[PDB]
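Please read the structure below before turning to the comments.
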Amino acid sequence: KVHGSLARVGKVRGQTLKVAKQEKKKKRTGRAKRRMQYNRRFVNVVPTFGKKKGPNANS
Amino acid sequence: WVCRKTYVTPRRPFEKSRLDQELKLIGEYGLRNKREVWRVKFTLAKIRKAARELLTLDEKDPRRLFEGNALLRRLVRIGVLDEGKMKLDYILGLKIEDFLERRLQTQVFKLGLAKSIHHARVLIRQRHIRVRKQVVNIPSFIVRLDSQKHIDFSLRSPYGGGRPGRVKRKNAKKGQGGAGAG
Amino acid sequence: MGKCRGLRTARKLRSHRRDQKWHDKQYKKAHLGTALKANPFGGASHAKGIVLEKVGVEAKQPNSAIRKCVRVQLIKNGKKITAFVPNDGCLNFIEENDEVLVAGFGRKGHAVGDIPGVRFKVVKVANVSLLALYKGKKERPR
Amino acid sequence: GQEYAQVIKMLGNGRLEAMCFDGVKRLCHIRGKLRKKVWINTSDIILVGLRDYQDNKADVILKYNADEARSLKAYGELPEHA
RNA sequence: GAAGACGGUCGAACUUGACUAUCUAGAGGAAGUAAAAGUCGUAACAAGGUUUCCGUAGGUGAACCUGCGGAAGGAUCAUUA
RNA sequence: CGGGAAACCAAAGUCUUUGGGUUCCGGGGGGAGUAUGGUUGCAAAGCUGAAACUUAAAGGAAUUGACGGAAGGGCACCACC
RNA sequence: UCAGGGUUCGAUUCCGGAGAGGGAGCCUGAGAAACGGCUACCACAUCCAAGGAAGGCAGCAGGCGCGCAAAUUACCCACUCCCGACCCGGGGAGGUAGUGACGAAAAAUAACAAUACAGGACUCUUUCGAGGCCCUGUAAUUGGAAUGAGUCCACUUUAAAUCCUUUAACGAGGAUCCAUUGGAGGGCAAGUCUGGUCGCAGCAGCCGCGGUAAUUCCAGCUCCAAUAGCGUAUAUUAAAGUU
């Protein structure tokens, strides 16, 4: 009732081809970042009555 | 060594409707964080609770009279509150903006001397603003009534006079060493 | 209303309540000091022990996996306890005769998930944090 | 990449008694994809999974055939005696 | 007017039993539990093909069977003479 | 009327508009009416009554099919006659 | 811990009580059954030329052991007070610095135009089309406009210093003077992703995911939330009208 194996321990982590870090930008300091959020969310942000939309969408 | 907390988080944590409300407040009010709002939602709840207790007391009741009038007078000195209000029946029917409206940051906008709730906070936190003999760097301040008029740039920050700027003064000597001579 | 209503009857009401509190399991646990007396951890929140052996435990249906815990002798009271080793290949990081910091599931003493009869998890070895080890912030020192 | 096994006895409910050709009797658990259409027998070849766990036990993954058994001499697994 | 010293009182401590409370080792043994996808029977979900179940006693590979008194939560809210 | 989750209930009513008197038992399900001590018993047994561990549903009610070696049921030579 | 009722804790900056290795006894003195007094036994430990002899950090530091867990073998009697024969001395009382994300307060890591554009309510026009206010981004770099974090003459602090609160000389074009920690299937805020795997590794408090188009995994990308903090474990409380 245990017997069995571990041979396979860590098989996916070790098979998952590493990815670069890439990079890019810094996102913004405290209140300024809050400000960008508020303009992007609300000012931005006009929205349509498209019956809605999304934040982390592709096509 | 006595100390106390100054803010309180909301029972609950994800109520789109509340989140949007707070974000609009941060934006209008050049705020920094939710705590920044939470701190005020907290300030207000205690005031309202202070108010509600009082309002349940008998009028003329030395305790209700002596402390009610005081709460009101305190609330008015800061402009937070007005006279008809200026009784307890009106504080009960009050809100956060009314406080939020009295901080530095939004005033330095409100009379040109910033043109942004933005500009305002970096101005304040950078020492270019006195409330009359005194620099005040606390974008978080709370401008008292007859103190509204004494807010202005400071005696030396450049506007306010005084040479230029550790970066302006760099630039003057930036057209000096090369383009003048060798 | 199952409960006298006489101005006097404080003692009956007070006492009837004392009598029924028992059935509350959290209450009884506390008054019987169970945490001190039965429990492997002292009535403390964390506990450190030595690794005896590595177990591959057979996750309960409808799930199917080999679980991967160690068996640990707690230094404090020589108690024998099996503890889960979380994340991918982390067994790797604990060896027999190891030392380890164990902590509760967050289940109130009740085993977690599909993982059968295991009530604790490893947190530190190399005195050294499986998390920091798994990431590679820090190593299997030696 | 391990050896195989040989069922010796049956238990029932995700339990079967096997006898590893190497001389190790343990209780192997049927495989999930195999059990779908495979019903281990008390007399047949099988493959069970076993890793860093003393090997005292193993789980059944797939099964085998018989007719091929005569070919097993060709499988290079069983000796001139199986 | 000291050491010492007669006898006593308090009495730590020590030695041996008794007492009470709390805790704890243990070859092995027998329960219950999990539980569960196993083996042997069909005991009592469709009248489960022996209606079911309770109290109780005796007995059986095993579910269970059976007598004696209950209940319907039954398969009858009726019986028409 | 009103109650209740409903089945139902003139009491199971007068219960969030929660307060007539008093008594008893329960706090998820299993472990268990079990262990252990006390008590009563000639005996069989009865009363009081845990835990470790186990587990995410146990359970209730109504609704609907499916299905029945339940009742009235039908229909067809893929059923019988 | 907040409806109200309540619910739980309290060794711990004060008050009252108790002890200074365990037990017992006693001297002195107004006050002690005192242990930075003594004395015996009992348990412990130490020096020795072996006959002897000397000791008690639940004081301040520090050290061992223990553990989930806890700081300098630092400076001063100047403050605050205390004691003595005392204005004057003495105080690990106490202050002072060092360590210090228990935890609590303030809240930096970038603001303003301009072109440049991307856009929407407003107006004009039959439409096409154009104007227009409120502006936000988003680059393009500009352009002038900025401040301590560091660094540092001087000065302050104070017993003397440190730091704060003070400032000449320096210190912001992003590749920074470089913000984090959890989450993104449901509850639950946020990928009807791309590569990889294929009920494997893992995820998952609970329900549940993964058996080859994985929105739960493993990674990136992207996005969310709380933010100089955030996750995790645990006692306990609220939620719980499940005492």
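Residues in the structure tokens are named by chain (A, B, ... in the order shown) and by number from 1 within that chain; ligands are numbered from 1 in the order shown.
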
| request: Please determine the contact residues of chain C with respect to chain G at a cut-off of 9 Å, counting only C-alpha atoms (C1' of nucleotides), and supply them as a ChimeraX atom specification. | output: /C:17,20-24,43-48,63-65,76,87-89,101,103-107,112-113

| request: Using only C-alpha atoms, select each residue of chain A with any atom at most 9 Å away from an atom of chain D, and give the selection as a PyMOL selection string. | output: chain A and resi 1-9

| field | All residues 6 Å or closer to residue D:45, only C-alpha atoms (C1' of nucleotides), same chain fewer than 4 positions away omitted, as a list in words | value | residues 5, 6 and 64 of chain D

| message | I'd like the contact shell of residue B:72 - 8 Å cut-off, only C-alpha atoms (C1' of nucleotides), skipping same-chain residues fewer than 4 positions apart - returned as number ranges by chain. | response | B: 68, 76, 81, 86-88

Saved selection, atoms kept: N, CA, C and O atoms, as a compact mmCIF listing (two decimals), in the first residue's frame:
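Output file out_6.txt follows:
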# COMPACT_ATOMS: atom_id res chain seq x y z
N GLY B 68 -21.65 67.64 22.57
CA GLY B 68 -22.21 67.91 21.26
C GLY B 68 -21.70 69.21 20.64
O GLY B 68 -21.09 69.21 19.57
N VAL B 76 -16.23 72.24 12.64
CA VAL B 76 -16.47 73.44 11.88
C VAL B 76 -15.13 74.16 11.71
O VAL B 76 -14.83 74.69 10.63
N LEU B 81 -17.47 70.90 8.45
CA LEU B 81 -18.91 71.03 8.72
C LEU B 81 -19.43 72.48 8.72
O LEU B 81 -18.68 73.42 8.94
N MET B 86 -23.77 71.63 12.11
CA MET B 86 -23.47 72.58 13.18
C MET B 86 -24.51 72.47 14.32
O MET B 86 -24.34 73.17 15.33
N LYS B 87 -25.44 71.54 14.07
CA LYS B 87 -26.08 70.56 14.97
C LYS B 87 -25.89 69.06 14.53
O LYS B 87 -26.07 68.71 13.37
N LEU B 88 -25.75 68.09 15.33
CA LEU B 88 -25.66 66.61 15.33
C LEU B 88 -26.64 65.96 14.33
O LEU B 88 -26.29 65.00 13.67

Chain C contacts to chain F at 12 Å (only C-alpha atoms (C1' of nucleotides)) as a PDB file with N, CA, C and O atoms, in the first residue's frame:
ATOM      1  N   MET C   1     -39.583  27.514  25.253  1.00  0.00           N
ATOM      2  CA  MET C   1     -38.574  28.425  25.718  1.00  0.00           C
ATOM      3  C   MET C   1     -37.815  27.734  26.830  1.00  0.00           C
ATOM      4  O   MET C   1     -36.895  28.262  27.413  1.00  0.00           O
ATOM      5  N   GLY C   2     -38.249  26.546  27.154  1.00  0.00           N
ATOM      6  CA  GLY C   2     -37.334  25.515  27.469  1.00  0.00           C
ATOM      7  C   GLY C   2     -36.404  26.232  28.356  1.00  0.00           C
ATOM      8  O   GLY C   2     -35.228  26.299  28.108  1.00  0.00           O
ATOM      9  N   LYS C   3     -36.868  26.794  29.448  1.00  0.00           N
ATOM     10  CA  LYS C   3     -35.896  27.465  30.280  1.00  0.00           C
ATOM     11  C   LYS C   3     -36.591  28.409  31.199  1.00  0.00           C
ATOM     12  O   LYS C   3     -37.142  29.427  30.778  1.00  0.00           O
ATOM     13  N   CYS C   4     -36.568  28.066  32.472  1.00  0.00           N
ATOM     14  CA  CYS C   4     -37.315  28.899  33.432  1.00  0.00           C
ATOM     15  C   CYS C   4     -37.215  30.388  33.082  1.00  0.00           C
ATOM     16  O   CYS C   4     -36.347  30.745  32.252  1.00  0.00           O
ATOM     17  N   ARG C   5     -38.063  31.222  33.677  1.00  0.00           N
ATOM     18  CA  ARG C   5     -38.056  32.658  33.405  1.00  0.00           C
ATOM     19  C   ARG C   5     -38.288  33.466  34.681  1.00  0.00           C
ATOM     20  O   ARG C   5     -38.731  34.612  34.638  1.00  0.00           O
ATOM     21  N   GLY C   6     -37.977  32.849  35.815  1.00  0.00           N
ATOM     22  CA  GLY C   6     -38.128  33.461  37.125  1.00  0.00           C
ATOM     23  C   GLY C   6     -37.031  34.434  37.433  1.00  0.00           C
ATOM     24  O   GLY C   6     -35.903  34.220  36.995  1.00  0.00           O
ATOM     25  N   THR C   9     -34.110  32.658  39.027  1.00  0.00           N
ATOM     26  CA  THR C   9     -33.556  31.398  38.531  1.00  0.00           C
ATOM     27  C   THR C   9     -32.223  31.544  37.843  1.00  0.00           C
ATOM     28  O   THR C   9     -31.917  30.755  36.950  1.00  0.00           O
ATOM     29  N   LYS C  12     -30.004  28.229  37.993  1.00  0.00           N
ATOM     30  CA  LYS C  12     -30.415  27.155  37.081  1.00  0.00           C
ATOM     31  C   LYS C  12     -30.021  27.392  35.617  1.00  0.00           C
ATOM     32  O   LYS C  12     -29.586  26.473  34.921  1.00  0.00           O
ATOM     33  N   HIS C  16     -27.265  25.383  33.742  1.00  0.00           N
ATOM     34  CA  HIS C  16     -27.755  24.589  32.643  1.00  0.00           C
ATOM     35  C   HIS C  16     -26.889  24.872  31.424  1.00  0.00           C
ATOM     36  O   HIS C  16     -26.545  23.972  30.699  1.00  0.00           O
ATOM     37  N   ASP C  19     -23.600  23.141  31.741  1.00  0.00           N
ATOM     38  CA  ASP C  19     -23.743  21.746  31.418  1.00  0.00           C
ATOM     39  C   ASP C  19     -23.786  21.422  29.920  1.00  0.00           C
ATOM     40  O   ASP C  19     -23.286  20.376  29.503  1.00  0.00           O
ATOM     41  N   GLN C  20     -24.376  22.309  29.113  1.00  0.00           N
ATOM     42  CA  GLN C  20     -24.497  22.053  27.709  1.00  0.00           C
ATOM     43  C   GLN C  20     -23.306  22.546  26.940  1.00  0.00           C
ATOM     44  O   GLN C  20     -23.059  22.053  25.843  1.00  0.00           O
ATOM     45  N   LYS C  21     -22.474  23.382  27.531  1.00  0.00           N
ATOM     46  CA  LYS C  21     -21.367  23.926  26.769  1.00  0.00           C
ATOM     47  C   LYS C  21     -20.565  22.736  26.262  1.00  0.00           C
ATOM     48  O   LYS C  21     -20.025  22.758  25.154  1.00  0.00           O
ATOM     49  N   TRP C  22     -20.567  21.656  27.022  1.00  0.00           N
ATOM     50  CA  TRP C  22     -19.684  20.548  26.732  1.00  0.00           C
ATOM     51  C   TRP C  22     -19.985  20.063  25.324  1.00  0.00           C
ATOM     52  O   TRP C  22     -19.080  19.660  24.593  1.00  0.00           O
ATOM     53  N   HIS C  23     -21.202  20.086  24.951  1.00  0.00           N
ATOM     54  CA  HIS C  23     -21.215  19.322  23.847  1.00  0.00           C
ATOM     55  C   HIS C  23     -20.261  20.032  22.870  1.00  0.00           C
ATOM     56  O   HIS C  23     -19.326  19.417  22.419  1.00  0.00           O
ATOM     57  N   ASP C  24     -19.869  21.360  22.680  1.00  0.00           N
ATOM     58  CA  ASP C  24     -19.118  22.121  21.818  1.00  0.00           C
ATOM     59  C   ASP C  24     -17.915  21.528  21.800  1.00  0.00           C
ATOM     60  O   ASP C  24     -17.188  21.446  22.783  1.00  0.00           O
ATOM     61  N   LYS C  25     -17.670  21.119  20.634  1.00  0.00           N
ATOM     62  CA  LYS C  25     -16.332  20.522  20.550  1.00  0.00           C
ATOM     63  C   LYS C  25     -15.119  21.443  20.800  1.00  0.00           C
ATOM     64  O   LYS C  25     -14.189  21.047  21.502  1.00  0.00           O
ATOM     65  N   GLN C  26     -15.117  22.657  20.252  1.00  0.00           N
ATOM     66  CA  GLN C  26     -14.022  23.586  20.524  1.00  0.00           C
ATOM     67  C   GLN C  26     -13.904  23.886  22.007  1.00  0.00           C
ATOM     68  O   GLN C  26     -12.811  24.016  22.558  1.00  0.00           O
ATOM     69  N   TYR C  27     -15.047  23.961  22.664  1.00  0.00           N
ATOM     70  CA  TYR C  27     -15.060  24.267  24.075  1.00  0.00           C
ATOM     71  C   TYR C  27     -14.464  23.104  24.832  1.00  0.00           C
ATOM     72  O   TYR C  27     -13.492  23.268  25.534  1.00  0.00           O
ATOM     73  N   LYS C  28     -15.017  21.914  24.663  1.00  0.00           N
ATOM     74  CA  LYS C  28     -14.484  20.768  25.369  1.00  0.00           C
ATOM     75  C   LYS C  28     -12.992  20.592  25.137  1.00  0.00           C
ATOM     76  O   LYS C  28     -12.264  20.340  26.074  1.00  0.00           O
ATOM     77  N   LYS C  29     -12.552  20.802  23.910  1.00  0.00           N
ATOM     78  CA  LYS C  29     -11.169  20.566  23.588  1.00  0.00           C
ATOM     79  C   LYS C  29     -10.369  21.457  24.510  1.00  0.00           C
ATOM     80  O   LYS C  29      -9.273  21.096  24.941  1.00  0.00           O
ATOM     81  N   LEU C  32     -10.513  20.440  28.321  1.00  0.00           N
ATOM     82  CA  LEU C  32      -9.885  19.201  28.690  1.00  0.00           C
ATOM     83  C   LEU C  32      -8.377  19.259  28.446  1.00  0.00           C
ATOM     84  O   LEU C  32      -7.650  18.288  28.731  1.00  0.00           O
ATOM     85  N   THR C  34      -6.898  19.005  25.767  1.00  0.00           N
ATOM     86  CA  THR C  34      -6.508  18.067  24.734  1.00  0.00           C
ATOM     87  C   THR C  34      -5.205  18.386  23.953  1.00  0.00           C
ATOM     88  O   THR C  34      -4.384  17.510  23.700  1.00  0.00           O
ATOM     89  N   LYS C  37      -2.285  17.368  26.126  1.00  0.00           N
ATOM     90  CA  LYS C  37      -2.336  15.886  26.312  1.00  0.00           C
ATOM     91  C   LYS C  37      -2.317  14.813  25.173  1.00  0.00           C
ATOM     92  O   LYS C  37      -1.544  13.857  25.260  1.00  0.00           O
ATOM     93  N   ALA C  38      -3.136  14.957  24.123  1.00  0.00           N
ATOM     94  CA  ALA C  38      -3.115  14.046  22.975  1.00  0.00           C
ATOM     95  C   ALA C  38      -2.224  14.455  21.818  1.00  0.00           C
ATOM     96  O   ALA C  38      -1.426  13.664  21.316  1.00  0.00           O
ATOM     97  N   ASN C  39      -2.379  15.696  21.395  1.00  0.00           N
ATOM     98  CA  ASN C  39      -1.699  16.241  20.214  1.00  0.00           C
ATOM     99  C   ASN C  39      -0.156  16.105  20.075  1.00  0.00           C
ATOM    100  O   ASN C  39       0.559  16.312  21.019  1.00  0.00           O
ATOM    101  N   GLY C 109      -6.260  20.265  12.722  1.00  0.00           N
ATOM    102  CA  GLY C 109      -5.866  18.923  13.073  1.00  0.00           C
ATOM    103  C   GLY C 109      -6.405  17.800  12.198  1.00  0.00           C
ATOM    104  O   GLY C 109      -6.143  16.634  12.468  1.00  0.00           O
ATOM    105  N   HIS C 110      -7.151  18.145  11.153  1.00  0.00           N
ATOM    106  CA  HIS C 110      -7.784  17.144  10.288  1.00  0.00           C
ATOM    107  C   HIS C 110      -7.056  17.051   8.954  1.00  0.00           C
ATOM    108  O   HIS C 110      -6.755  18.072   8.334  1.00  0.00           O
ATOM    109  N   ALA C 111      -6.753  15.829   8.510  1.00  0.00           N
ATOM    110  CA  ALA C 111      -5.852  15.674   7.378  1.00  0.00           C
ATOM    111  C   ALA C 111      -6.373  16.458   6.166  1.00  0.00           C
ATOM    112  O   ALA C 111      -7.539  16.882   6.130  1.00  0.00           O
ATOM    113  N   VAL C 112      -5.520  16.648   5.161  1.00  0.00           N
ATOM    114  CA  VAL C 112      -5.863  17.529   4.051  1.00  0.00           C
ATOM    115  C   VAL C 112      -6.050  16.796   2.729  1.00  0.00           C
ATOM    116  O   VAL C 112      -5.246  15.950   2.363  1.00  0.00           O
ATOM    117  N   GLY C 113      -7.117  17.117   2.015  1.00  0.00           N
ATOM    118  CA  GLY C 113      -7.206  16.750   0.620  1.00  0.00           C
ATOM    119  C   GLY C 113      -7.267  15.266   0.406  1.00  0.00           C
ATOM    120  O   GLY C 113      -8.057  14.575   1.051  1.00  0.00           O
ATOM    121  N   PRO C 116      -3.991  11.053   2.580  1.00  0.00           N
ATOM    122  CA  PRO C 116      -4.557  10.308   3.735  1.00  0.00           C
ATOM    123  C   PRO C 116      -3.727  10.094   5.142  1.00  0.00           C
ATOM    124  O   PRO C 116      -2.546   9.698   5.019  1.00  0.00           O
ATOM    125  N   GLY C 117      -4.306  10.348   6.371  1.00  0.00           N
ATOM    126  CA  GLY C 117      -3.545  10.285   7.604  1.00  0.00           C
ATOM    127  C   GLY C 117      -2.296  11.135   7.730  1.00  0.00           C
ATOM    128  O   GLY C 117      -1.544  10.939   8.680  1.00  0.00           O
TER     129      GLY C 117
END

Using only C-alpha atoms (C1' of nucleotides), which protein or nucleic acid residues come within 12 Å of stretch 66-75 of chain D? Drop anything in the same chain fewer than 2 positions from it, and give the result as a PDB file with N, CA and C atoms, in the first residue's frame.
ATOM      1  N   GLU D   3      11.779  -3.471 -14.609  1.00  0.00           N
ATOM      2  CA  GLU D   3      11.441  -4.830 -15.013  1.00  0.00           C
ATOM      3  C   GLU D   3       9.943  -4.978 -15.256  1.00  0.00           C
ATOM      4  N   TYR D   4       9.390  -6.112 -14.841  1.00  0.00           N
ATOM      5  CA  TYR D   4       7.966  -6.380 -15.012  1.00  0.00           C
ATOM      6  C   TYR D   4       7.353  -6.958 -13.739  1.00  0.00           C
ATOM      7  N   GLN D   6       4.545 -10.597 -12.243  1.00  0.00           N
ATOM      8  CA  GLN D   6       3.728 -11.763 -12.538  1.00  0.00           C
ATOM      9  C   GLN D   6       2.696 -11.970 -11.430  1.00  0.00           C
ATOM     10  N   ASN D  41      -5.108 -10.368 -14.216  1.00  0.00           N
ATOM     11  CA  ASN D  41      -5.453 -11.739 -13.862  1.00  0.00           C
ATOM     12  C   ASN D  41      -4.417 -12.323 -12.910  1.00  0.00           C
ATOM     13  N   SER D  43      -2.837 -14.910 -13.320  1.00  0.00           N
ATOM     14  CA  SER D  43      -1.841 -15.611 -14.120  1.00  0.00           C
ATOM     15  C   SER D  43      -1.564 -14.861 -15.421  1.00  0.00           C
ATOM     16  N   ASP D  44      -0.726 -13.834 -15.337  1.00  0.00           N
ATOM     17  CA  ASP D  44      -0.387 -13.041 -16.511  1.00  0.00           C
ATOM     18  C   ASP D  44       0.733 -12.049 -16.204  1.00  0.00           C
ATOM     19  N   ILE D  45       1.356 -11.540 -17.258  1.00  0.00           N
ATOM     20  CA  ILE D  45       2.443 -10.574 -17.122  1.00  0.00           C
ATOM     21  C   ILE D  45       1.885  -9.159 -17.033  1.00  0.00           C
ATOM     22  N   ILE D  46       2.552  -8.298 -16.274  1.00  0.00           N
ATOM     23  CA  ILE D  46       2.097  -6.917 -16.127  1.00  0.00           C
ATOM     24  C   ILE D  46       3.259  -5.969 -15.872  1.00  0.00           C
ATOM     25  N   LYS D  63      -0.823  -4.064 -19.077  1.00  0.00           N
ATOM     26  CA  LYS D  63      -0.817  -5.521 -19.006  1.00  0.00           C
ATOM     27  C   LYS D  63      -0.039  -6.118 -20.173  1.00  0.00           C
ATOM     28  N   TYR D  64      -0.049  -7.442 -20.271  1.00  0.00           N
ATOM     29  CA  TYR D  64       0.653  -8.138 -21.344  1.00  0.00           C
ATOM     30  C   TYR D  64      -0.204  -9.256 -21.918  1.00  0.00           C
ATOM     31  N   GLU D  77      13.869 -11.255 -21.747  1.00  0.00           N
ATOM     32  CA  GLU D  77      13.499 -10.934 -20.373  1.00  0.00           C
ATOM     33  C   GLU D  77      13.478 -12.184 -19.502  1.00  0.00           C
ATOM     34  N   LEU D  78      12.735 -13.191 -19.936  1.00  0.00           N
ATOM     35  CA  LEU D  78      12.624 -14.441 -19.193  1.00  0.00           C
ATOM     36  C   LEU D  78      13.740 -15.407 -19.581  1.00  0.00           C
ATOM     37  N   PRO D  79      14.303 -16.130 -18.598  1.00  0.00           N
ATOM     38  CA  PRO D  79      15.382 -17.093 -18.842  1.00  0.00           C
ATOM     39  C   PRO D  79      14.883 -18.361 -19.524  1.00  0.00           C
ATOM     40  N   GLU D  80      15.797 -19.292 -19.781  1.00  0.00           N
ATOM     41  CA  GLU D  80      15.432 -20.565 -20.387  1.00  0.00           C
ATOM     42  C   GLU D  80      14.529 -21.351 -19.439  1.00  0.00           C
ATOM     43  N   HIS D  81      13.878 -20.642 -18.525  1.00  0.00           N
ATOM     44  CA  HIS D  81      12.984 -21.269 -17.575  1.00  0.00           C
ATOM     45  C   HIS D  81      11.952 -20.294 -17.090  1.00  0.00           C
ATOM     46  N   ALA D  82      10.809 -20.286 -17.768  1.00  0.00           N
ATOM     47  CA  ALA D  82       9.678 -19.447 -17.404  1.00  0.00           C
ATOM     48  C   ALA D  82       8.441 -19.938 -18.147  1.00  0.00           C
TER      49      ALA D  82
END

Can you list every residue of chain E that has an atom at most 10 Å from chain D, with its nearest atom pair and the distance in Å to one decimal, using only C-alpha atoms (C1' of nucleotides), ordered by chain then number, as a Markdown table?
| residue | atom | partner | partner_atom | distance |
| --- | --- | --- | --- | --- |
| E:36 | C1' | D:13 | CA | 8.7 |
| E:37 | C1' | D:13 | CA | 3.3 |
| E:38 | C1' | D:12 | CA | 3.9 |
| E:39 | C1' | D:11 | CA | 9.0 |

Could you please take those selected residues and save C-alpha atoms (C1' of nucleotides) as a PDB file, in the first residue's frame?
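Written out: result34.pdb:
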ATOM      1  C1'   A E  36     -14.069   1.880   1.142  1.00  0.00           C
ATOM      2  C1'   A E  37     -13.449  -1.267  -5.904  1.00  0.00           C
ATOM      3  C1'   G E  38     -11.808  -8.472  -2.078  1.00  0.00           C
ATOM      4  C1'   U E  39     -14.228 -13.983  -0.379  1.00  0.00           C
TER       5        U E  39
END
